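Read the single chain below, which is given as structure tokens and is the form solved without the partner chain.
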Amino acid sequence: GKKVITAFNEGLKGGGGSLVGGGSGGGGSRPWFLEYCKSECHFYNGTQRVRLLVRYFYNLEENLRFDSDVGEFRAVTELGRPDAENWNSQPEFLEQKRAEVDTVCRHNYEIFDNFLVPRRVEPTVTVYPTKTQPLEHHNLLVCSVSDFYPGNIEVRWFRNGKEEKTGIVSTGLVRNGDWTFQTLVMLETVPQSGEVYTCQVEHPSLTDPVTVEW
């Protein structure tokens, strides 16, 4: 299923006037001007429930918006009202943007569903203490879970069969940018011979919970 991904139609804005006194953080800086647009598809259950949300930004300001549940453009700040009024008086263009929840959002999800949705990468679990010699206080037990996808994961520490729910220090879910995540869920504890600390990892690429004792 190697079909062609569709892009959203970028509408052309019109001239006319200016607005009085704009903002500008300043503090001495190079002048810059940015026209930026995010056409978002929000899937609540695949293509069953979908909502298109277009977001316009001029520099640091979000100024216009298109919520498919409205069906028209709506200014967020006054900088975007001219576009709202212009685009909204254009019937064809509206029927067109409205159609994009189907011609773009749904159409593309069916494509990505073949590979991005079902993507799974199993994690690598690794435990290990932290701090040289005695911590002169509680020591750190590190549960490293790296190289996984999707992000949904549960990593639980236990102490002698009991789940430790306090004393946890974590980086939280860390995104590497290459479609893999990682995370270190540490545990402030002083080691004690026959005593045991266990890390349990649950993730959709697994069939059964990964446990690692130390």
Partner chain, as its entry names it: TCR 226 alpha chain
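Numbering follows the first chain given and starts at 1.
Which of the two stretches, 174-182 or 152-160, shows the higher mean Cα temperature factor in the record?
-> For C-alpha atoms only, the mean B-factor is higher in 152-160.
Which of 119-127 and 69-77 has higher mean CA B factor, as the PDB entry lists it | 119-127 has the higher mean C-alpha B-factor.
Out of 59, 63, 166, 39, which shows the largest CA B-factor listed in the entry?
-> Going by the entry's C-alpha B-factors, 166 comes out highest.
Quick one: classify residue 84 as lowest, middle or highest third of the chain based on its Cα B-factor.
-> Ranked within chain, residue 84 CA B lands in the lowest tercile.
Compare the C-alpha B factor of residue 9 with those of the other modelled residues in its chain, then answer lowest, middle or highest third.
-> Lowest third of the chain for residue 9's C-alpha B-factor.
Could you tell me which third, lowest, middle or highest, the C-alpha B-factor of residue 51 occupies within its chain?
-> Its C-alpha B-factor belongs to the middle third of this chain's values.
For residue 35, return the chain-relative third of its C-alpha B-factor as stated in the PDB record: lowest, middle or highest.
-> Residue 35: CA B-factor falls in the lowest third of its chain.
Only in words, not in the display: the form solved in complex with the partner chain, which the text now covers.
Any non-hydrogen atom of residue 76 within 4.5 angstroms of the partner chain in the deposited complex | No, no contact at 4.5 Å.
4.5 Å heavy atom contact, residue 122 and the partner chain in the deposited complex | Close contact is absent here: in the deposited complex, residue 122 is far from the partner chain, nothing within 4.5 Å, heavy atoms only.
Report yes if any heavy atom of residue 102 sits within 4.5 Å of a heavy atom of the partner chain in the deposited complex; otherwise report no.
-> Yes, contact at 4.5 Å.
May I ask you to list the residues of 63-99 that have any heavy atom within 4.5 angstroms of the partner chain in the deposited complex, in sequence order?
-> Contacting residues: 92, 95, 96, 99.
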